[PDB]
Amino acid sequence: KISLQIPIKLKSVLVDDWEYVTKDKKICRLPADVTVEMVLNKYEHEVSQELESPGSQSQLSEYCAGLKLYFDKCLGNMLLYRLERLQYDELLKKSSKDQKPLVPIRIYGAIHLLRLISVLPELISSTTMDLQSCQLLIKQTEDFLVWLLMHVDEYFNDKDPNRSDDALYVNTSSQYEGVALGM
Amino acid sequence: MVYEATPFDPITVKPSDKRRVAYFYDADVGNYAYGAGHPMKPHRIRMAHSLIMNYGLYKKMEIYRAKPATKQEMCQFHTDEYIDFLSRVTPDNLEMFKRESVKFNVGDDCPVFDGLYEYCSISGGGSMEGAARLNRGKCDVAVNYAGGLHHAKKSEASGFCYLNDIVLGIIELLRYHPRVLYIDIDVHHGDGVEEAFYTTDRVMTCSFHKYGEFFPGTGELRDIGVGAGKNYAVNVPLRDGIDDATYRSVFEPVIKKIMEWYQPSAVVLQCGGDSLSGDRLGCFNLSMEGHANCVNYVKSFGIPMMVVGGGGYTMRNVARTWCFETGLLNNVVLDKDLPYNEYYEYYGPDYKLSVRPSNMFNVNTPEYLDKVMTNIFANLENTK
Amino acid sequence: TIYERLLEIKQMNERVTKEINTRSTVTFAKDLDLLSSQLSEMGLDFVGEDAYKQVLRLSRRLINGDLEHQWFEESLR
Amino acid sequence: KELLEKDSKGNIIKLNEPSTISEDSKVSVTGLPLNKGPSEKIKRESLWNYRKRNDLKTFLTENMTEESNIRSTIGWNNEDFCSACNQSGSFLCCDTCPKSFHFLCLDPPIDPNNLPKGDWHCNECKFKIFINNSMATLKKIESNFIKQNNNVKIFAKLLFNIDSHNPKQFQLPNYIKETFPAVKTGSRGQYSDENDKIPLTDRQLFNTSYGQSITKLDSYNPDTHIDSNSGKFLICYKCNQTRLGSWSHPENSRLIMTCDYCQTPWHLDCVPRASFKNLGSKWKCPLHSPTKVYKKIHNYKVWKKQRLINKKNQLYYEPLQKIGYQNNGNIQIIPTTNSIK
Amino acid sequence: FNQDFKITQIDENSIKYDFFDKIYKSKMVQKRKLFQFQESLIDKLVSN
Amino acid sequence: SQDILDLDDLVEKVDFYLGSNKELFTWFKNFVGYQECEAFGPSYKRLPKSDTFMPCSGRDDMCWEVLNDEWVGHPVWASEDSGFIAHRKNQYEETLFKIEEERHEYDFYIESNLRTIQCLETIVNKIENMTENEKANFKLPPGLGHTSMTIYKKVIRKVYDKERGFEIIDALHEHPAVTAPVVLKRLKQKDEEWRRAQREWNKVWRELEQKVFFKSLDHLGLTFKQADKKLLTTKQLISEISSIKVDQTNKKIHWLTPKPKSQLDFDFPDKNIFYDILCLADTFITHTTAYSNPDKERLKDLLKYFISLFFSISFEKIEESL
Amino acid sequence: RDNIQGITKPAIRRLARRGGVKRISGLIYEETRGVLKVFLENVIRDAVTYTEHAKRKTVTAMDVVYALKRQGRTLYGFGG
Amino acid sequence: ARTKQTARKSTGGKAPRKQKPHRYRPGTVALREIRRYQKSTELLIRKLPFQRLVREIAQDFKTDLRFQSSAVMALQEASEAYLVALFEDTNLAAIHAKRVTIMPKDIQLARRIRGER
Ligand SMILES: [Zn+2]
Ligand SMILES: [Zn+2]
Ligand SMILES: [Zn+2]
Ligand SMILES: [Zn+2]
Ligand SMILES: [Zn+2]
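Criteria and cut-off values
- Residues numbered from 1 in each chain as written, not as in the entry; some residues may be left out.
- Chains lettered and ligands numbered in written order.
- Part of a larger assembly, values for the part shown.
- Heavy atoms only, no water.
- Contact = heavy atoms within 4.5 Å.
- Buried area = accessible area lost by both parts, 1.4 Å probe.
- Salt bridge = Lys/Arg side-chain N within 4 Å of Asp/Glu carboxyl O.
- Polar contact = N/O pair within 3.5 Å; in protein donor to acceptor, adjacent residues only side chain to side chain.
- Helix = DSSP H or I, 4+ residues; strand = E, 2+ residues; numbered from the N terminus.
- Donors = N, O, S within 2.8 Å, 3.2 Å for Na, K, Ca; no water.
- Tetrahedral: all angles 85-135°; square planar, octahedral: opposite > 155°, others 65-115°.
- Buried < 20%, exposed > 50% of the residue type's maximum accessible area, 1.4 Å probe, protein only.
- Pairing = 2+ DSSP bridges.
- Axes fitted to C-alpha atoms, helices over the stretch in contact; angles between N-to-C directions.
- Parallel < 35°, antiparallel > 145°, perpendicular 65-115°, else oblique.
- Nonpolar A, V, L, I, M, F, W, Y, C, P; charged D, E, K, R; others polar.
- Arc of directions from axis to C-beta.
- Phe/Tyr/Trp six-rings, centres within 6.5 Å; stacked < 30°, edge-to-face > 60°.

Asks: Mind laying out the interface of chain B and chain F, listing which residues take part and the relevant values?
Replies: In this assembly, 81 residues from chain B lie in contact with 64 residues from chain F. Taking both partners together, chain B and chain F bury about 6200 Å²; carbon and sulfur atoms supply 54% of that area. It is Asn-31, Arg-280 and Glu-345 of chain B in chain B that bury the most area against chain F; as a group they hold 9% of the surface buried on that side. Linking chain B to chain F there are seven salt bridges. One salt bridge in this structure joins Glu-345 of chain B and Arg-206 of chain F, with 3.3 Å as the shortest N-O distance. Viewed at the interface, chain F and chain B are joined by 37 residue pairs in polar contact. For the side of chain B that touches chain F, the secondary structure elements donating two or more residues are α1 (43-54), α3 (80-88), α6 (165-174), α7 (191-196) and α10 (315-328) of chain B. Per-element tally for the side of chain B that touches chain F: the top contributor is α7 of chain B, with four residues.

Asks: Could you give an account of unusual backbone geometry, naming the residues involved and the relevant values?
Replies: A cis amide bond, omega 0°, links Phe-215 of chain B with the succeeding residue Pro-216 of chain B. Assignment of secondary structure puts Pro-216 of chain B in the loop between β5 (203-210) and β6 (233-238). In this model, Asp-107 of chain D is joined to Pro-108 of chain D through a cis peptide bond whose omega is -10°. Within the element layout of this structure, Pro-108 of chain D appears in the loop between β5 (100-102) and α3 (123-133). Backbone geometry places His-298 of chain D, a non-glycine residue, at a positive phi of 55°. You can see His-298 of chain D is positioned in the loop between β10 (292-296) and β11 (300-304).

Asks: Before we move on, could you go through the coordination of the zinc ion (ligand 3) and cite the residues and values that matter?
Replies: Residues and elements named next belong to chain D. Distances from the zinc ion (ligand 3) to its protein donors, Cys-82 (SG), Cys-85 (SG), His-102 (ND1) and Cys-105 (SG), fall within 2.1 to 2.3 Å. Considering all four donor atoms around the zinc ion (ligand 3), angles at the metal cover 90 to 125° and the coordination shape is tetrahedral. For the zinc ion (ligand 3), the single-chain donor residues occur in sequence as C-x2-C-x16-H-x2-C. For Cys-85, a relative accessible area of 4% puts it in the buried group.

Asks: Mind laying out the pattern of salt bridges, listing which residues take part and the relevant values?
Replies: Following the criterion strictly, the structure yields 83 salt bridges over all chains and no others. Two residues, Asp-17 of chain B and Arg-19 of chain B, come together in a salt bridge whose shortest N-O distance is 2.9 Å. Accessibility classification places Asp-17 of chain B together with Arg-19 of chain B in one group, the buried group. A salt bridge links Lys-256 of chain B to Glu-260 of chain B; its shortest N-O distance comes to 3.0 Å. In this pair, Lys-256 of chain B and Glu-260 of chain B are both assigned in helix α8 (residues 244-262), four residues apart and thus about one turn of the helix distant. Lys-256 of chain B sits in the partly exposed class, given a relative accessible area of 36%. Taking the relative accessible area as the measure of exposure, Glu-260 of chain B reaches 44% and is therefore partly exposed. Residues participating in the shared-partner salt-bridge network are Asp-16, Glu-19, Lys-23, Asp-24, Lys-26 and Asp-158 of chain A together with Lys-304 and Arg-307 of chain D.

Asks: Could you give me a rundown of the coordination of the zinc ion (ligand 4), with the residues and numbers involved?
Replies: Residue and element names in this part refer to chain D. Surrounding the zinc ion (ligand 4) are the protein donor atoms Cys-236 (SG), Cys-239 (SG), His-267 (ND1) and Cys-270 (SG), which sit 2.1 to 2.3 Å from the metal. Sequence positions of the donors to the zinc ion (ligand 4) reduce to the motif C-x2-C-x27-H-x2-C. On the criterion of sequence distance, the pair formed by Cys-239 in the loop between α7 (202-205) and β8 (256-258) and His-267 in strand β9 (residues 265-267) is long-range, its members being 28 residues apart. Taking relative accessible area as the criterion, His-267 reaches 1% and is therefore assigned buried.

Asks: An account of the sheet that holds strand β13 (residues 331-334) of chain D is needed here, citing residue identities and associated values.
Replies: Strand order in this open sheet of three strands is β12(D)-β1(E)-β13(D), and the pairing throughout is parallel. The open sheet has two free edges, formed respectively by β12 (316-317) and β13 of chain D, since each of these has just one partner strand. Relative to strand β1 (residues 7-11) of chain E, β12 of chain D runs parallel, the two being bridged by two bridges. Bridge pairing links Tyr-316 of chain D to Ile-7 of chain E in β1 of chain E. Against the sheet, helix α1 (residues 12-47) of chain E contacts β13 of chain D together with β1 of chain E, and its axis sits at roughly 85° relative to β1 of chain E.

Asks: A description of the pairing of strand β1 (residues 21-24) of chain B should follow, citing residues and the corresponding values.
Replies: Residue and element names in this part refer to chain B. Side-chain alternation along β1 places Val-21 and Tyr-23 on one buried face and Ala-22 and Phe-24 on a second face that is also buried. Pairing analysis gives four bridges linking β1 to strand β3 (residues 141-144), with the strands arranged parallel. Pairing of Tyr-23 across the sheet is with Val-143, part of β3. Looking at chain direction, β1 and strand β2 (residues 62-66) are connected through three bridges and run parallel. The residue bridging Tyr-23 from the neighbouring strand is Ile-63, located in β2.

Asks: With reference to specific residues and values, describe the packing of helix α2 (residues 37-47) of chain A against helix α6 (residues 131-150) of chain A.
Replies: Residues and elements named next belong to chain A. Where α2 meets α6, the axes come as close as 11 Å, and the angle between the chain directions of the two elements is 95°. Between α2 and α6, the crossing angle belongs to the class labelled roughly perpendicular. Across the interface between the two elements, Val-39, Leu-40, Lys-42, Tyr-43, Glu-46 and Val-47 from α2 touch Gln-140, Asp-143, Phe-144 and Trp-147 from α6. Taken together, the residues of the contact of α2 with α6 sort by class into six nonpolar, one polar and three charged.

Asks: Lay out the environment of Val-55 of chain C in plain terms, naming residues and giving numbers.
Replies: All names here are of chain C. Summarising the element assignment, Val-55 is placed in helix α4 (residues 51-64). Residue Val-55 is classed as buried on the basis of its relative accessible area of 11%. Along the primary structure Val-55 and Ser-24 are separated by 31 residues, whereas in three dimensions their C-alpha atoms are 22 Å apart. Discounting residues that sit within four places of it in the chain, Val-55 has contacts with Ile-9, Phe-46, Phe-72 and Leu-76.

Asks: Which residues make up α2 of chain A, and what values go with them?
Replies: For α2 of chain A, every residue scored as buried is listed here: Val-39, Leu-40, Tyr-43, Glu-44 and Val-47 of chain A. Along the long axis of α2 of chain A, the arc covered by the buried residues comes to 135°, so they all point the same way.

Asks: I'd like a rundown of the packing of aromatic side chains, residues and numbers included.
Replies: Going through the model one piece at a time under the given rule, you end up with 68 aromatic pairs over all chains. The interplanar angle of 40° and the centroid separation of 4.8 Å between the aromatic rings of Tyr-34 of chain B and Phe-113 of chain B together place this pair among those described as tilted. Taken together, the residues span a long stretch of sequence, with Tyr-34 of chain B in the loop between β1 and α1 and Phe-113 of chain B in the loop between α4 (99-103) and α5 (116-135) at a distance of 79 residues. The two residues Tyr-34 of chain B and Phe-113 of chain B agree in class, both being buried. Centroid distance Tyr-3 of chain C to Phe-274 of chain F: 4.9 Å. Interplanar angle 35°. Geometry classified as tilted. Taken together, the positions of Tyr-3 of chain C in helix α1 (residues 2-11) and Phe-274 of chain F in helix α12 (residues 272-287) put the pair across two chains. Relative accessible area serves as the criterion here: at 8%, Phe-274 of chain F is assigned to the buried category. Taken together, the aromatic side chains of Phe-19, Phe-20 and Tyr-24 of chain E together with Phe-25, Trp-27, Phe-28 and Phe-31 of chain F make up a single cluster linked through ring pairs.

Written as structure tokens, this is what we have:
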């Protein structure tokens, strides 16, 4: 049994994301004005100077790089709803048009990183990982989560797509709805 | 203190309002059929037209066969991919277009029949040529029952409508007229036409529709347009079973206030026959007099108008009301004794022109319509 | 309740009587016998009589049991 | 079957008619072919009793019709459900595996016209063939992948195991959903909460009598102004009346509905509404405080009320400051306990 | 962090005091700013 | 009070709260200091600028100016992913729709075949009046020179076989000299046989329409008997007068200090209707068998006496009028 | 058709219970319904054949026990 | 690549369109109700379902066939009589193979030896 202490503010952010995608039929603005790398880099550059332990610095950089690699390899697998898979398809075709492989680090926003964090304990329980690595990875994820509360007003804002173009979510079209949830 | 309960006055023409009437009919429109079990029938167009010829109404008007629209005239409102899909899809190669079937909402509730592109071309050409004849002054009233597809949108087919010909006609009217008023007396909301002209003040889209859990769901009173088109989309929500007097006392003040406030230069009138009593999908209780009183009242303003017939899923009633409405535009009232046509067997048992209303509850209370018309009149104060 | 139901009939009795009496059938239906043959053999139409008095007679017959419910309703409708 | 009997020089002579009887007797909407008329079995209940001029003016139109091309634009201007999202649709079927996936649900998503030519295996199946083809066991490849990816050690076991996992639609875990008791999960996995009606079964919509409809507009129904569990009259809030009608003047009866949250009865005319809100979201009367509002900055600012939290993780706290305490708008009213007056 | 979604337990009298306080604040700040703009416009017309 | 709700929405909420209290909601309306946009509506949402950029080749500058491409609406969005409620129709209305459906089927097929016969007979009378030396290379364009390109294809694909219809269409396009007269003859035979079947069906359709139509147009009358059984009872008649009294007492404390001394008002402008109801009651007394003859005659003079005593009618007038 | 599943699982248990049966497999019910229908079409084929012999267009309890008589079984109290 | 269609819908959103309590042991109640259905005399198939059975199953032999009310009751009784005899034979062929539970294969042998397969 592996547990994660996600704050209820970020839990409500994830539940609002679920609301917007499944009920309100909203997808994310891609690429966001603030991506996932951009959050895993600013968190590293903020908590890197918070302590003067070089082994802890190595562990923090290790966690950030592993989270980035995990995000890229797992976003196409299990990190986005059925509605957003069409947007994923068009992003992949647009990346193949200009002959650059699609990397989810520079494209997807911090809400998908929060999704990866929320689904992370089930992935931890599904691999032959020893207790020490599980405990330290859970601890590092918890520290990143409590870092996210201090910057929850600048990564997860609340904006109506009908009023602001700078909202994190966008309204979808009927053609997108038909192709996404009709075939 | 806005709604007034007034009994339905008899329909009287204005002899000082003689209009040159142009009729657009392509003999082929009727030879197209949506499906085997489908309610929408283009065959209602030619039994309506057979009532025009057998009433001797062709001697007071000019009958035209509009040139069918090509691909990129349809793209004046719709996207290239939607018109390209519409012009290429057949019931044979339906499996070759499965992504586009759910993308453009074609295949269920808007089936693929093999004369789809030709039917849409006839409808769009009729609407655009009626608008063009109105622009050049060749006619004062343009009648085109081949169209009326008011539910079709930019990249989708909804509500048995594929090509939004009304938007094409209003587009052709806007090249010569600054303000065009669209009136929809179809029981369904004109969602395609209102959505097309939602953000513009050049087109005022007025829809008199049933608003419940009914198709298309759009048409709340608070829908008044956004941007520069604010207060330029009037929605009149109605309940079931509205009769002729109630519909007249709702329609005439709203359209009158729009006339003396918006002051349009051209009028497009959607004459949906599904507003009639006894319709397969409609839920109103309008007789043919009640349906045609809207056309006669909008004729009194003298504005160059385009009468375009829309819904109507019982063929006999919509044909009779279209024949009566067309006769009303020639300043005559057709006698309630049908002449012999080739489709005379439809109009039993009395074989008369009249469409009899049902005895069902007019649940549109005067207080509700008073509040509706009060908010509508308040929103219309900013349209001067 | 009975008096209101009958008063609705009697207050419109003259116009429905004038409508039924001045019922000019169309010619091609008479030549090609397309009209309803019955409702006249059993005397259910209201032609030649006052409409409200015929309603009273039909309702008396319905009460007496010599008239079916469906035919009474069809005649009234 | 030799339709055109050409000559020795290729000239046409005479063609033979194909099989008309192949589809001369197709069943039409009447239940009988267009070749034949109605049968006696349906003629018995259709006809009233069953025993055992050409002055048309409709042919003159073609002549009286003048073409029209005067527009300004003339000329030119295996399972039955997806293994990823658990929903029905068109699937790509795994060959050596009984799982089926949507065309958009895979990684990368497969175009429905550019399909794989020969065989298609799923990610789990492909990993199975990769394991069976390689002589070394699974833990040997896992250790080799850990040792080769020496840059990241802790996520290496996470990176290795998801190549074998088939792609699935993301679903929120239970512990994110159990902290909000109002939030439910729909049949398709969609969002659902307290502002959502219980879906009406088809027994209520289409299996009802003619006069009685869920819309409550086709008949006079006075058993809606009367409370079921009290027997009193549902007094509308705005007009302070119940217009029950009299069944001799049913047009005097005003329709009344109750709020789906506080059960406050409202007339259909006092709040401007034409529908009864039978299905979809729960209808909210105007008296309830909003959970989402927009205010003008003079951009804008939005405020959303906090979601309900279960009692084990929800803390209700009482302010010490009575006046001017900036609460987030998320408050609770306590009872008030002569000097204060 | 359960302290972020803490529900404030407020009473009716405190809501009454807060509503009265804030309406009096809003009414007199708009009244005093109107008075200040009137005085400034009077001074501008006197100086011109 | 938290600087969250705007004054306009606060005034709207209090209006919904204290609307009927005109004096109070005015105290507040002003105690507060309210002096009398962006109303999007519930059924439209705004697309981003990425979804707007879709090629419409026929659009000029005016079309791009007056047409809305950012705000859209859908029936699925307005339904809240639930659905729509169709209007309930009688079984007589449903069978009327079935009669119309069969009528449309027959007429659509017959008129399409007749249009194809007209086109084919134009081709035939063109090809008859020319010799055979150029009749071999005479071809026909798609559409057979008609304004449709598919109607004759539909007629051929229906009348002939499914697989053979395409090759008959190609043989008509390539070699119309042999294929046109046989196709025209087969189409004319199918036309006359379909028309005879349509007349025989028209008899049946007309008789069912005569049987069905007036019941179909009757909505409240089709369910009036059960409704009258349910609603003309003691409980509903008590409920009507009690609801009117409850309304009067509820609105008495607000205004209308001269509270009315009545709830129901009945108008009796015609007096012959009393004699008509008395005749109907007498007919029921004469017809019925569950009541004894003394009970019958006591019922008779009870009804006559109550009508003569309640109203201004005399017993002599009742006797001379019945 | 729809009424062949109308012969319900408790009813089949009730027949089995009247028949003294304690435990019943789950696959009893549908093929027992099949055995019931083969018996029904046999008996009613004989009964209806007796019915159109009589120039009749209704079958009678008399014709039923008559078909049963042919089939071999007799029923009492239903005529005959 | 094998593909299949399951939505069976050319377009989506079809709906939005215009067209402490005692527990007896497993086995205990059964003998109490063997006796209930044995001392009782009612007919164990519901009349409306069985009536509808006889109507739906007789229609294919002859069109518009009416049944006397007593005729279907003779069928009801005859069928229950037929099945209780077959189920006694079932219980006998089941107790043959050192068993209490029956299985269809019991009753296909019971019908085969009686000579109707
Ligand atoms: Zn419509
Ligand atoms: Zn597989
Ligand atoms: Zn899927
Ligand atoms: Zn009210
Ligand atoms: Zn409420």
